[PDB]
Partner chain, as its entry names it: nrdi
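Have a look below at one chain only, the form solved without its partner chain, in structure tokens format.
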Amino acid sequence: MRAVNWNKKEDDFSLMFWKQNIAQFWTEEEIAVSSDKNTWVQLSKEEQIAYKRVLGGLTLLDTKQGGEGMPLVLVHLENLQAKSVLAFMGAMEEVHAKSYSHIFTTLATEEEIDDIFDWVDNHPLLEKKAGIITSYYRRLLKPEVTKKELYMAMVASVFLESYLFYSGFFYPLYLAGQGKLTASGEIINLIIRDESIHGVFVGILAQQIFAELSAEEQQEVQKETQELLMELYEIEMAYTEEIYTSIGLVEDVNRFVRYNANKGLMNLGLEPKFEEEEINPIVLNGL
């Protein structure tokens, strides 16, 4: 049986990613959020609700990426150095998920936090999109998987990492770029710094497997990716209408969604699908 040997390269890139992943290492203890109370308490009812909801949503998605997505993809790779990077990424998903609880503990009462988690567990849209993504991961729960299965699990992973979070991320970034909830904003920026590299790394791996597919499998996977994209888009349009209509930001978030979906596509070596618009400069500022 092979042990990992980092003195002999298995590829051109895993070492650089391992180094960057660990250079970016953080834990929630390192950001105090209590100074955010002062801006929190001046937001409207509707603004507090939107924030809590989107954070609740992100928590779920990181829960799944750490508990299913990373582990199941890594177990089937034969590249042991690439494997190592994914296992580190997986741990960091759990830091991410935990960091949202760190934000809640300072902003919300014990009863308000039970409220948010009851809403997230009962949410039909969060269930659907998490369900769609997680369906590709769960196919990997068997001894030998095909390369088409592995590839599609990786496509779902990058969709999740580079695309699905950003209807959520939008709002902590909008608030931070106005000087509100900046301590929480720093956390979301640390999360996002991780996800950016997650997405790129899994996308490189996906492209290696794509190259190992027959021409006809290549065409199938292309079709399926495009369908998956539009399926998810529909659900993100519903999500975003639900969350943001109360605070008049629907179209701003939608632009951001499309922008991020194109980044997801690009990480997978695919062409952009949405025409590029101006992202709201106040979110850019929060970035």
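Numbering follows the first chain given and starts at 1.
Just so it is clear, the following notes concern the form solved in complex with its partner chain, a form of the same protein that is not shown.
Look at 187 to 195, 208 to 216, 147 to 155, 174 to 182: in the deposited complex, residues with non-hydrogen atoms within 4.5 angstroms of its partner chain sit in 187 to 195. At the 4.5 Å threshold, heavy atoms of residue 166 reach its partner chain in the deposited complex. Shown alone here, residue 284 lies within 4.5 Å of its partner chain in the deposited complex, counting heavy atoms only. A residue is said to contact a partner when one of its heavy atoms sits within 4.5 Å of a partner heavy atom; residue 40 fails this definition for its partner chain in the deposited complex, lying far away. With a 4.5 Å cutoff on heavy atoms, residue 233 does not count as touching its partner chain in the deposited complex; it lies far away. Within 4.5 Å of its partner chain in the deposited complex, a heavy atom is found for not a single one of 33, 246 and 251. The single residue of 24 to 52 lying near its partner chain in the deposited complex is 24, the criterion being any heavy atom within 4.5 Å.
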